[PDB]
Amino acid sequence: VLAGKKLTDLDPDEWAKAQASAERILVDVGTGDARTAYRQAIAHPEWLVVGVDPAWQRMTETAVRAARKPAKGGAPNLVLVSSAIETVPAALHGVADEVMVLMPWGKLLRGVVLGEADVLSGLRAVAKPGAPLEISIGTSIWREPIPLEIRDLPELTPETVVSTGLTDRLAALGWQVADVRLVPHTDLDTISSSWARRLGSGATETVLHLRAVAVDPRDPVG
């Protein structure tokens, strides 16, 4: 089930032919209005870009522009799926060569910070063996006013990630942590994109980057 301005069923046969013709498959979890996923599709035509988000109405503006003709900015290799990651359909299982969570909010953000099974399993479910997971979080959300979904949780830092046992929880659910770091002055354009913000603005923010590799699950501490 996905979008073409309207909300329709996707032909399973069209799904296999698209994946097979793709040089690479990239799944973005939590795309907002999916301008980020759209820019990537344009920048890489040979990639099959898959944006997944429960708020499907939020990504209709992108769905319209991507539905246009190549001469007017159409992106045929863009697939915007209406779904939550904890209940991702079986058609998206193990199809991604790369999974990215960029500037998450709500259930996805809280699930990542806490290391909840439902979210982490869903993220792992869509990835192929060896696929990289890229989580990027702006650290300004731990400055008042702090969003409701995280205002009862201490700030997530490179040190906190291992102390709270997030490293071992990720590894147990199939994500082997490769790198955790803060990258200050990260240009917000390179991770975040909505049709409300113009490019080349120059807005920066300290970003918590978390990189992992899809491995076999059930791998806990002793």
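From 1 onward, residues are counted along the sequence shown.
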{"property": "Unmodelled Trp195 in at least one third of other entries with both flanks present", "result": "yes"}
{"property": "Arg169 left out of the model in a third or more of other PDB entries", "result": "no"}
{"property": "Higher-scoring stretch by recorded Cα B factor average, 190 to 198 or 153 to 161", "result": "190 to 198"}
{"property": "Segment of higher mean CA temperature factor, 127 to 135 or 142 to 150", "result": "142 to 150"}
{"property": "Candidate set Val64, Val177, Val29, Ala43 [ranked by C-alpha B-factor, highest]", "result": "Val64"}
{"property": "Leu78 - Cα temperature factor, lowest/middle/highest third of chain", "result": "lowest"}
{"property": "Third of chain Cα B-factors occupied by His93", "result": "middle"}
{"property": "Among modelled residues of the same chain, the CA temperature factor third for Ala203", "result": "highest"}
{"property": "Chain-relative CA temperature factor third for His185", "result": "highest"}
{"property": "Within-chain third of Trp56 by Cα B-factor, per the entry", "result": "highest"}
